[PDB]
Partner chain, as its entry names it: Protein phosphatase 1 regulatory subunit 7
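A single chain, nothing else alongside it, follows as structure tokens in the form deposited without its partner chain.
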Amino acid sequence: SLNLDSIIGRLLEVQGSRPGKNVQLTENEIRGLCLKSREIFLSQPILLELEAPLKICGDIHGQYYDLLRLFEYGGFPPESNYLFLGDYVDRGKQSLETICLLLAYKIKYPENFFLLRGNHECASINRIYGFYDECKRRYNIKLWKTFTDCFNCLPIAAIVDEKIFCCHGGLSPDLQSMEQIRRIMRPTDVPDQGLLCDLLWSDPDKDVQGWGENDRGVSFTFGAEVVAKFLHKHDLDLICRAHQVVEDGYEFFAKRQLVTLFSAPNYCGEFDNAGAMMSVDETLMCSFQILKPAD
């Protein structure tokens, strides 16, 4: 009983409209988006095994019109396949339009559109950084808890053609076998520590040898050698993650063995950074499409 095409059409119609018009779906349409996408998250693996070609995107943080630009330039679904690395809500002005369009595309193209969990897809975080206030202002508290129950079922990591490992944060000192990821039961909250936490919170640091304490107060940092030994132990070529703003939208680490993606340009009007999107073709040749305001 979900009119998915009508939802998507109303979401896409505000393209090219100055100023930033809202798309106010109905409470029941958003609840349908949450419950139908939730079923698809649980029926698909928590550790997604994907095949090229696809485009991989970093943080959005409710910058909805930047999300529309990513689709305009990368190809609206299903002209292209997509994997998002989390942090869809908070800080931005239009988290609701952002997550609703993403959940809608997830339902419409369930095996060509994929969404991973970021550390902001967590009730104890997005209660504070904006999403809850947006849900309360434009809808009600009950809908926010409906989103939380949906977010608690998002997949955690993806591996593209057995060579590109993808997650929001980074590596974990408690990650020896990929089976440890596949064993995490959903739905679940994000714990304050451990493998699931580290996958959504940790960062690479060029100045640490091995594992170090993260300035965020949560999880750890890892160095260039941790990345090399991880790639060698699991026969991987590249680690693709987000979770950190980078001025050119993408940023390599440890001799192109890890890349950080950030897809929200001019991050909430506080940075003059670009937004990037990594295209990988069927031969796993990876390039970057960069989105930047003209100057």
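Residue numbers count along the first chain shown, from 1. Take the two forms, superpose them, and find the largest set of C-alpha atoms that agree within 1.5 Å; that set is the rigid core.
Below, we refer to the form solved in complex with its partner chain, which is not included among the displayed structures.
- Interface residue remark: residue 225 is not counted as part of the site for its partner chain in the entry with it bound, having no heavy atom within 4.5 Å.
- At least one heavy atom of residue 130 is located within 4.5 Å of its partner chain in the entry with it bound.
- The shortest heavy atom separation between residue 107 and its partner chain in the entry with it bound exceeds 4.5 Å.
- In the entry with it bound, its partner chain sits beyond 4.5 Å of every heavy atom of residue 169.
- Contacts between stretch 135-164 and its partner chain, counted in the entry with it bound as any heavy atom lying within 4.5 Å, involve 136, 137, 141, 142, 145, 149, 152, listed in sequence order.
- With the rigid core aligned between the shown form and the other one, only one of 40, 268, 254, 236 has a CA shift of 2 Å or more: 268.
- In the core-superposed comparison between the shown form and the other one, the C-alpha atom of residue 129 has shifted by at least 2 angstroms.
- Distance between the C-alpha atoms of residue 125 and residue 55: longer in the entry with it bound than here (change of 3 Å or more).
- In summary, the C-alpha positions of residue 194 and residue 127 converge in the entry with it bound, ending up at least 3 angstroms nearer each other than in this conformation.
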